[PDB]
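Take a look at the structure set out below.
When we count neighbours, we look across all protein chains shown, and the Cβ atoms used for this are built from the backbone with ideal geometry, even at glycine. No lab work stands behind these numbers, since they all come straight from the coordinates.
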């Protein structure tokens, strides 16, 4: 039942890992009765472990590419040589929420 | 320890390896890291854009 599932396009290798290096492959959920039966029957393979999990939710991140589209639109729309945000000194910096 | 590395074939194709450091220093390590994340180069640290 666990083997038949296809894997996902996204999977962070550092999240949901046990105290050892083992990677968690998935989760089985069922009512209380089924879990009682399984934990009684297959007690040898069951084990209680500590698992590292994401402490907080994920963030909205704005794609760096869409700055290029905005700059192209401004190139069309801005006055002759009036636009200047695309050139600057020092390290280049894209507006970001990091 | 790999059979061979991607950097080794860069001179064969016609791009010197030192040029990669030129691009990295031009990007400034802030925008470079943002773009490297965006392109999916770091699985340990990825978010949906």
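Restrict the check to the stretch A:66-78 and report whether at least one residue is surrounded by 11 or more Cβ atoms within 10 Å (Cβ to Cβ), in contact with a strand residue (DSSP E or B) (Cβ under 8 Å, 6 or more places away or on another chain) and within 29 Å of residue B:48 (Cβ to Cβ). Within the stretch A:66-78 (the criterion being surrounded by 11 or more Cβ atoms within 10 Å (Cβ to Cβ), in contact with a strand residue (DSSP E or B) (Cβ under 8 Å, 6 or more places away or on another chain) and within 29 Å of residue B:48 (Cβ to Cβ)), the answer is no, since none of the residues qualifies. Scanning the stretch A:21-53 for residues that are assigned to a helix (DSSP H, G or I) and surrounded by 10 or more Cβ atoms within 10 Å (Cβ to Cβ) yields A:34, A:35, A:36, A:37, A:38, A:39, A:41.
Where in chain B are the helices (runs of 4 or more DSSP H), entirely inside, with at least 1 residues that are exposed (fewer than 10 other Cβ atoms within 10 Å of the Cβ) and within 14 Å of chain A (Cβ to nearest Cβ)?
Details: elements: B:6-13, B:18-27, B:31-38.
Output list reads B:18-27.
Beta carbons closer than 9 Å, at least 6 apart along the sequence or on distinct chains, pair a first residue in the stretch A:41-60 that is within 14 Å of another protein chain (Cβ to nearest Cβ) with a second that is assigned to a strand (DSSP E or B) for A:52/A:17.
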